[PDB]
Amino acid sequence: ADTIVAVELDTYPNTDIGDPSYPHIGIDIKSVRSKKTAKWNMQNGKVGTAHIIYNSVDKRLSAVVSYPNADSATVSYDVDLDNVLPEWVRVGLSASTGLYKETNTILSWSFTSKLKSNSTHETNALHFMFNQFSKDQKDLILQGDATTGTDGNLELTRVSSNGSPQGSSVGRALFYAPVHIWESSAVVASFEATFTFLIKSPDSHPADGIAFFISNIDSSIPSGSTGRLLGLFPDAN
């Protein structure tokens, strides 16, 4: 199956698979059972920002999720991604709903990756920035229920015409180009991802969450991965 590294914004506690009993952010290394979590004060109907960073010096994957004028949540985990991911990856956003639901609306997404060669000390870099999504966004691979262009946003999961989120939905968007995320012959490598999101639910319990993820290039939504599996994992192992 696929190889996944992800930062999850998990709106729904699935205590049966080791979620904490509160909405949380997590670092997922090849499992939906986060290697590290932090409590997250998700604000229903508010636009939030997620920031994810990693470099090959510290080998610490860190995320910050925040809303304007509120305290941020942060989670960090030490991991050598050279030992986890393939050298070449795709990067993407994923989201799901299950019995309970929410909008999984992405208003912006940026990514930057850099590799400096040990042999020449010259740098290879990729950067993309989406502040608006068009109805035909040819540099995004849309999987499952994901759609673009509705008010210039990326709707990862199904929403009705009047903005009501639907249950049992999963969708993802991957950047078209493969990304060279590590190289043994690189002296320094880094990436950063940022996205803005709007999670809104009429349900007393919103579900299930949004994730930024890094995968094998040919990654697809695993069969059955609605709800707690966030469109990333084939099972809850």
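Residue indices: 1-based, along the sequence shown.
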Task: Segment of higher mean CA temperature factor, 113 to 121 or 96 to 104 - done: 113 to 121
Task: Mean temperature factor over C-alpha atoms, higher-scoring stretch between 214 to 222 and 20 to 28 - done: 20 to 28
- [ ] Tell me, please, which of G167, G152, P86, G144 has the highest C-alpha B factor according to the deposited entry?
- [x] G152
Open item on the list: According to the Cα B-factor stored in this entry, which of the following is highest: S56, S62, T194, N41?
Closed with: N41
Task: Third of the chain, ranked by Cα B-factor, where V75 sits - done: middle
- [ ] Determine, from the deposited record, the chain-internal third of the Cα B-factor for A236: lowest, middle or highest.
- [x] highest
Open item on the list: Test of reading the entry: by CA B factor among the chain's modelled residues, which third contains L198?
Closed with: middle
Task: Position of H180 among the chain's modelled residues by C-alpha B-factor, lowest, middle or highest third - done: middle
Task: Modelled-residue ranking by C-alpha temperature factor, third containing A207 - done: middle
